Peer 1: 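Next up is a structure, given as structure tokens.
In what follows, chains are A, B, ... by sequence order, proteins preceding strands, each numbered from 1. Scope of the values below: all heavy atoms of this structure, side chains included, with no hydrogens, waters or symmetry mates.
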Amino acid sequence: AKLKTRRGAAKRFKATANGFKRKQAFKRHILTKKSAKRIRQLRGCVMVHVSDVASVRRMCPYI
Amino acid sequence: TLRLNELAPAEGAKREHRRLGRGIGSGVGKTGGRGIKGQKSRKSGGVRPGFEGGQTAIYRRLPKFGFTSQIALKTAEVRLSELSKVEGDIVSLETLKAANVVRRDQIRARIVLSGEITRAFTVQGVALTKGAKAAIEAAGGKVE
Amino acid sequence: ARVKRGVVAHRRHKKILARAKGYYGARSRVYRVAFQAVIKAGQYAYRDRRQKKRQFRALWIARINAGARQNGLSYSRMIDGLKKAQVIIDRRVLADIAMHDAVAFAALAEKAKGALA
Amino acid sequence: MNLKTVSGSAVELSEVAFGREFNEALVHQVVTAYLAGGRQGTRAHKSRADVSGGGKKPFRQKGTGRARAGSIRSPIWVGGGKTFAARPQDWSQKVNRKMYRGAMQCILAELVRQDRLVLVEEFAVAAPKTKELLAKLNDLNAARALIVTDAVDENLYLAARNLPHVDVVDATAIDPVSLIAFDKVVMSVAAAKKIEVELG
RNA sequence: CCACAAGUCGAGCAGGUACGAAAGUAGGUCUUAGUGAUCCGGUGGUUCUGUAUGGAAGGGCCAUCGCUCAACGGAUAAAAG
RNA sequence: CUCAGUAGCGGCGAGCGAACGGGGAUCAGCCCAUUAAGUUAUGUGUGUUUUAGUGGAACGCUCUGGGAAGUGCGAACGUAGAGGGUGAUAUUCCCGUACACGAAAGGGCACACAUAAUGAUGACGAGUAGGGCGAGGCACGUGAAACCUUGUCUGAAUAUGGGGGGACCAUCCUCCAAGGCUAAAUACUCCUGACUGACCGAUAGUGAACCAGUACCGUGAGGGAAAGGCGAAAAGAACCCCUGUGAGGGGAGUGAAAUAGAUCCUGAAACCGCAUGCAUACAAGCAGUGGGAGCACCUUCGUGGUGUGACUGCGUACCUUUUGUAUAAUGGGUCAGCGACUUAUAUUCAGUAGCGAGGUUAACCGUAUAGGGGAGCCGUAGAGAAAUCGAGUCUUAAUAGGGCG
């Protein structure tokens, strides 16, 4: 049959020109104690690590 | 030459398939490359992809973000060079669809400066970038 | 495309048994026991092809020693004397001469002791 | 190119259809594809679940001293099911249209080079009698050969039906295996022109 | 510094400040412990989206709130002999 | 067949999974009591097809052979050289094959027409639509849940009207529920006729090639085997001898062949006899291996060949599992036969071939591996959650700085 996508991963990963982008953790609820530098630097998107690129490729074949 | 018993494939076209468990000399005898014992040695022994031994998975320890846009599915992007496939001087959504550069179910199209054009065109109801418009004018076309 | 194994399997077993002939009991009659016997025979042959050179060198040295002590020298002293005299005849030829010709071996011993002194 | 017909006249043919270089790998792939498409692929075997009986456990798991068994139709046992039972198969391969046409062009060019293709101004039979066709083919020195015509006359078809090593075909029905199998190809000028227009 | 997820130090630029006559100092406290991922839901903004159209509902984005999930990389929301 | 594993659903886990739009196959509408299309049964006529069948061409000599269809030399038929048989391999020996021809009687199908019934207790749709409560179905788990069915309690308006367009309001668009009938494209094979197979060939293939769902087991439901082969033709051994008028043999005879003699083609291995040559009853162990005297036979007598092996150095089987096995750790009484990485689909990388900024069709039509079919897919542009812009784009008050290109 056709390969099926892992929708949970598809909702966390998007494709770039040469790789995959992702959001960062530790920014949801507990924030008062965290410093301003951490608050600002954890914002935005980052790139998926090469070691973990293979699993993302397996879980998201068509993206 | 030109006989049924004188026809051969190209070098490197065909490779013998690998057969496991057919003697010591083959090099894949007995265990057949699976190793010794364990889950992976058993039949259907692979674990599910994305399973890391119990630790929270990569796709589950990261946050969800974004939402899907409906109009983006029907929006179409067209390279400048593809206008050569168009038959005639009038470039429109219908003409692009006829030339098969835009799928039938799309509702609007955009033209971007990607290639080169050596013809004169008149664009009707299609969005143009600054560079694409400049290229069309240079080639001798018009808009609207 | 069904394939029968009988002819090829029989040929292989027959060849092994033929190589096994001359052994005792089940070793020359039963394929399972016979196959083990052939392999061990090959391994022994591989080891003995090396052991043979040592055994024959020891035999030559013993015969040379007997001849030398008949002529009044020890084997080591005769070998040293011959080396000093620059004689390059090997131990196999020296042993053959010692066994088959006493006069020539006596002449060789004379030369060796002359070189020694 | 100018090709001489048997009588002596000259016929002009396209270089593309009859002048292409010989590509052995391409021709081999196309011919193998045709041979594979020739298969029927009808058969089957019974697996351990298709053999009669075998529902129950033969004997208890422990205490008997035998080897543990679950069913008498296990593939290890005599009379059991086949480990990997076959099912009917389709052996057709997809051959690219351009590769097919290129292979036909190569075959025609190589036949022309080897001089096994003879062009005739016309080729027809008055009556559906085998002996007349045999005499004609002997006169042409093409006793064992494949005849290619623009259209197949019923009389010629009947006359050639019973001749071994001789078959007759229309220009639109040539196939690469038949082009190679026969010793010679006797082709009329009209069939040559039609095949040239088809460019393969 | 680190298998990953994470963690740590930081010259320097723009804006608005406080203290100095001024050069200038200040992006929490001499430093190394005082902690909790993801899902779900609440609150303040939002030039984003809004299933025919205009709105609205709902969704997204920025900030932030609810776990002794202490078996502290946290099987299920809920489990003894 | 695509759209698409997309949009969505989901202890947002594991998993489940659409529609719109496009391309094909087929193509058809007709009625509610002045009663339609269509269907069914009976009877008549015009075409067509079946249930037995008939004719059907053309080879001689020579050699091997038990036997000719096989060798060598030449000849004939072919709208026929498909297939089977005949003492070994046959287009011309037989049955047949292409072709032509054939039905007293009965049966099937297509159409036309004459009657029966049927459609049809049905004349514009009220316990109806809608709502509260509990459930079920829709890709969708009550979730912002739109839409369909209802167990229970209720309950309208009725063309100046009503349903839907995914909570809901207004506008706009579209349609007319609470009454019905209707062929083709679609699904399958207990059976019938023909044809086919890079399907099996007696441990295979149906459990069953043979008197098999039998023998046999069980109270019963039920379970369930093994077992093919003389020879071309029985020409299947008249008669004699031993023996119990037995069995079993020996001679004679048949046959191309009788260790082809009737559990009868070939007749392997394990296992068990007889005969010949060498060794062997003072010497301790995985039985061999490297050396090596003597003996018997054959000898081109040789520095040879075939059997045997007194005496001697070295030397504790195989597999599995283990840090490590002669291990007193596991498995194997022996032989013959069978016995375990496959197949379909999707995807990724490599090799190879075609074409090339382009490449390629799917279903489907098609006396069909051809030809047609461009819907669709991949590539040719990224950034951003998104609007949007675009060789740039996001962040920001910032043309600064920075991320991805």
Peer 1: If you compare all heavy atoms of A/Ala10 against all heavy atoms of A/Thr5, which two are closest, and at what distance to 0.1 Å?
Peer 2: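 Heavy atoms only, the tightest pair is CB-CG2, 4.1 Å.
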
Peer 1: How many angstroms lie between atom CZ of C/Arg29 and atom CG of C/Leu17, to the nearest 0.5 angstrom?
Peer 2: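 Reported value, rounded in 0.5 Å steps: 11.0 Å.
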
Peer 1: Looking across every strand, which nucleic acid part, if any, lies under 4.0 Å from C/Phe35 by heavy atom: base, sugar-phosphate, or nothing?
Peer 2: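 Nothing, no heavy atom under 4.0 Å.
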
Peer 1: Give me each pair satisfying side-chain hydrogen bond (donor to acceptor under 3.5 Å, both in side chains) with a member in residues 56-80 of chain B, each pair once, sequence neighbours excluded.
Peer 2: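 For residues 56-80 of chain B: B/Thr75-B/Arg108.
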
Peer 1: Mind checking if D/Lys129 touches a base, just sugar-phosphate, or nothing, with heavy atoms under 4.0 Å?
Peer 2: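 Answer is sugar-phosphate: D/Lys129 comes under 4.0 Å of backbone atoms only.
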
Peer 1: Is there a Watson-Crick or G-U wobble pair formed by F/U39 and F/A208, both distances less than 3.5 Å?
Peer 2: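 Given the Watson-Crick and G-U criteria, F/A208 is not paired with F/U39.
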
Peer 1: For D/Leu146, which of D/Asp167, D/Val168, D/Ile180 qualifies under side-chain contact (heavy atoms from CB on, under 4.5 Å)?
Peer 2: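 So, applying the side-chain contact (heavy atoms from CB on, under 4.5 Å) to D/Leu146 and each of D/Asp167, D/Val168, D/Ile180, only D/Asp167 qualifies.
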
Peer 1: Picking from F/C199, F/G371, E/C4, which would you name as closest to the side chain of D/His45?
Peer 2: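 My answer, after comparing the listed nucleotides, is F/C199.
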
Peer 1: I want to verify a distance call: between F/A268, F/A340, F/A198, whose nearest atom is closest to the D/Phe84 side chain?
Peer 2: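 Within the option list, the nearest is F/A340.
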
Peer 1: Is F/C133 paired to anything, Watson-Crick or G-U wobble with both distances less than 3.5 Å, and if yes, which nucleotide?
Peer 2: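 By the stated definition (distances under 3.5 Å), F/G151 pairs with F/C133.
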
Peer 1: Would you indicate what A/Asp52 reaches in the nucleic acid, counting non-hydrogen atoms under 4.0 angstrom: base, sugar-phosphate, or nothing?
Peer 2: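 Counting heavy atoms under 4.0 Å across all strands, the contact made by A/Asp52 is with sugar-phosphate only.
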
Peer 1: Using heavy-atom distances to pick each residue's nearest nucleotide on RNA chain F, tell me which of A/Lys2 and D/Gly54 is more 5'.
Peer 2: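 Looking at the nearest nucleotide for each, A/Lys2 comes out on the 5' side.
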
Peer 1: Base, sugar-phosphate or nothing for B/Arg48? Non-hydrogen atoms, less than 4.0 Å.
Peer 2: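 It contacts sugar-phosphate atoms only.
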
Peer 1: Do F/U35 and F/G122 meet the pairing test, Watson-Crick or G-U wobble with both distances under 3.5 Å?
Peer 2: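 Answer is yes for this nucleotide pair.
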
Peer 1: Considering only F/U380, F/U347, F/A353, which nucleotide approaches the side chain of A/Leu3 most closely?
Peer 2: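 Of the candidates, F/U347 comes closest.
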
Peer 1: Going by heavy atoms closer than 4.0 Å, what residues in residues 59-73 of chain B are next to RNA chain E?
Peer 2: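 Those residues whose heavy atoms fall under 4.0 Å from RNA chain E, taken from residues 59-73 of chain B in numerical order, are B/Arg60, B/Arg61, B/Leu62, B/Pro63, B/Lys64, B/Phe65, B/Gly66, B/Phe67.
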
Peer 1: Could you tell me how far F/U91 sits from F/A80 if I compare only their P atoms? Round to whole Å.
Peer 2: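 16 Å, rounded to whole Å.
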
Peer 1: I'd like to know if F/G390 pairs with F/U396, where a pair means Watson-Crick or G-U wobble geometry with both distances below 3.5 Å.
Peer 2: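 No, F/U396 does not pair with F/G390, since the Watson-Crick or G-U wobble distances are not both under 3.5 Å.
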
Peer 1: Using heavy atoms and a sub-4.0 Å distance, could you list which residues of residues 6-25 of chain A are near RNA chain E? By number, please.
Peer 2: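 Output list: A/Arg12, A/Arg22, A/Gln24, A/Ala25.
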
Peer 1: For a side-chain contact (heavy atoms from CB on, under 4.5 Å) with B/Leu83, tell me which candidate from B/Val101, B/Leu96, B/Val123 qualifies.
Peer 2: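 So, applying the side-chain contact (heavy atoms from CB on, under 4.5 Å) to B/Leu83 and each of B/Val101, B/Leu96, B/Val123, only B/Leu96 qualifies.
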
Peer 1: Go ahead and name the base partner of F/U42; Watson-Crick or wobble counts if both distances stay under 3.5 Å, otherwise write none.
Peer 2: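 Pair assignment: F/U42 / F/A114.
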
Peer 1: For atom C1', what is the distance between F/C109 and F/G24, given to the nearest Å?
Peer 2: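 Per the computed distance, 32 Å lies between those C1' atoms.
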
Peer 1: Using purine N1 to pyrimidine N3 plus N6-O4 or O6-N4 for Watson-Crick, or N1-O2 and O6-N3 for G-U wobble, both under 3.5 Å, which nucleotide pairs with F/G294?
Peer 2: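 F/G294 is paired, partner F/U308.
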
Peer 1: From the list F/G23, F/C341, F/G390, which nucleotide is the closest neighbour of the side chain of B/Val112?
Peer 2: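 Per side-chain heavy atoms of B/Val112, the pick is F/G390.
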
Peer 1: Could you tell me how far F/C286 sits from F/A317 if I compare only their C1' atoms? Round to whole Å.
Peer 2: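 My reading of the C1' atoms in F/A317 and F/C286 gives 5 Å.
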
Peer 1: Which heavy atom in A/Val48 sits nearest to a heavy atom in A/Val56, and how many Å separate them?
Peer 2: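 Nearest pair, atom of A/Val48 first, then A/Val56: CG1-CG2, 4.5 Å.
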
Peer 1: NA contact type, A/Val46, heavy-atom cut-off 4.0 Å: base, sugar-phosphate, or nothing?
Peer 2: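 Nothing: the residue A/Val46, judged by heavy atoms under 4.0 Å, touches no strand.
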
Peer 1: Can you tell me, in whole Å, how much space there is between the P of F/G236 and that of F/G224?
Peer 2: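 About 49 Å, rounded to a whole number of Å.
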
Peer 1: Should the sugar of F/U343 be assigned to the north (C3'-endo side) or south (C2'-endo side) class according to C1'-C2'-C3'-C4'?
Peer 2: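 Here the sugar adopts a north pucker, which is what a positive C1'-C2'-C3'-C4' value indicates.
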
Peer 1: Taking F/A296 as the reference, what is the distance to F/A279 when you measure between their P atoms (whole Å, please)?
Peer 2: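 Straight-line distance between the two P atoms is 9 Å.
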
Peer 1: Compare the minimum distances between each of F/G359, F/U6, E/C4 and the side chain of D/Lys98, then state the nucleotide with the smallest one.
Peer 2: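 Selected nucleotide (nearest to the side chain): F/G359.
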
Peer 1: Which part of the nucleic acid does D/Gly55 contact within heavy-atom distance under 4.0 Å: base, sugar-phosphate only, or nothing?
Peer 2: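 Counting heavy atoms under 4.0 Å across all strands, no contact is made by D/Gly55.
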
Peer 1: F/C30 and F/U48: how far apart are their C1' atoms, nearest whole angstrom?
Peer 2: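 Looking at atom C1' only, F/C30 and F/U48 are 33 Å apart.
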
Peer 1: Between F/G332, F/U352, E/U64, which nucleotide has the shortest distance from any of its atoms to the side chain of B/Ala10?
Peer 2: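 Closest nucleotide to the B/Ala10 side chain: F/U352.
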
Peer 1: Can you tell which of F/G373, F/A346, E/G66 lies closest to the side chain of D/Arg97?
Peer 2: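 The nucleotide sitting nearest to the side chain is F/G373.
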
Peer 1: Any cation-pi pair here, A/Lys2 with A/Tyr62, using under 6.0 Å and within 45°?
Peer 2: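 Cation-pi check for A/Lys2 and A/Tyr62: fails.
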
Peer 1: Taking E/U53 first: does it form a Watson-Crick or wobble pair with F/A170, both atom distances below 3.5 Å?
Peer 2: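 Pairing holds for F/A170 and E/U53, meeting the Watson-Crick or G-U definition.
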
Peer 1: Report the base-pairing partner of F/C338 (Watson-Crick or G-U wobble, both distances below 3.5 angstrom), or none.
Peer 2: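 Result: none.
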
Peer 1: When you measure from the centre of the six-membered ring of D/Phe22, is the NZ or CZ of D/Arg20 closer than 6.0 Å and no more than 45° off the axis?
Peer 2: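 So D/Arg20 doesn't make the cation-pi contact.
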
Peer 1: Look at the side chain of D/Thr83 and decide which nucleotide, out of F/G339, F/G371, F/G197, has an atom nearest to it.
Peer 2: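 The closest nucleotide is F/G339.
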
Peer 1: So B/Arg110: does its side chain get under 5.0 Å of the major-groove base edge or the minor-groove one?
Peer 2: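 Major groove.
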
Peer 1: Which value, in whole Å, describes the distance between the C1' atoms of nucleotides F/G143 and F/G165?
Peer 2: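 One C1' to the other, the span is 22 Å.
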
Peer 1: With a non-hydrogen cut-off below 4.0 angstrom, is D/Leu133 in contact with a base, only sugar-phosphate, or nothing?
Peer 2: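 Nothing, no nucleic acid heavy atom in range.
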
Peer 1: How would you label the contact of A/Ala36 with the nucleic acid (heavy atoms, under 4.0 Å): base, sugar-phosphate, or nothing?
Peer 2: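 Counting heavy atoms under 4.0 Å across all strands, no contact is made by A/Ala36.
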
Peer 1: Is A/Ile30 touching bases, backbone alone, or none of the nucleic acid, heavy atoms closer than 4.0 Å?
Peer 2: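 Sugar-phosphate, no base atom in range.
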
Peer 1: Heavy atoms only, 4.0 Å cut-off, all strands: where does D/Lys56 land among base, sugar-phosphate and nothing?
Peer 2: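 Nothing: the residue D/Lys56, judged by heavy atoms under 4.0 Å, touches no strand.
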
Peer 1: Would you kindly say whether A/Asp52 and A/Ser55 are connected by a side-chain donor-acceptor distance under 3.5 Å?
Peer 2: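 Their side chains do not contain a donor-acceptor pair, so the 3.5 Å distance test is not met.
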
Peer 1: With both distances under 3.5 Å as the test, what is the Watson-Crick or G-U wobble partner of E/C61?
Peer 2: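 Base-paired to E/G45.
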
Peer 1: On a plain distance test, is the side chain of D/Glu198 in donor-acceptor contact with the base of F/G371 below 3.5 Å?
Peer 2: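 In this structure, the two groups form no donor-acceptor pair.
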
Peer 1: So for E/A70, where does the sugar sit by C1'-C2'-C3'-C4', north or south?
Peer 2: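 South, since the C1'-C2'-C3'-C4' torsion of E/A70 has a negative sign.
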
Peer 1: What interatomic distance, in whole Å, is found between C1' of F/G21 and the corresponding atom of F/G161?
Peer 2: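 It comes out at 35 Å once rounded to the nearest Å.
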
Peer 1: With heavy atoms under 4.0 Å as the rule, sort B/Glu11 into base, sugar-phosphate or nothing.
Peer 2: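 Sugar-phosphate contact only.
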
Peer 1: Specify the residue among A/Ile63 and B/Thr129 whose closest nucleotide of RNA chain F lies further upstream toward the 5′ end.
Peer 2: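 Residue closer to the 5' terminus by nearest nucleotide: A/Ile63.
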
Peer 1: Of the nucleotides F/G207, F/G354, E/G74, which one has an atom closest to the side chain of D/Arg20?
Peer 2: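 Of all the options, the side chain of D/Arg20 is nearest to F/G354.
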
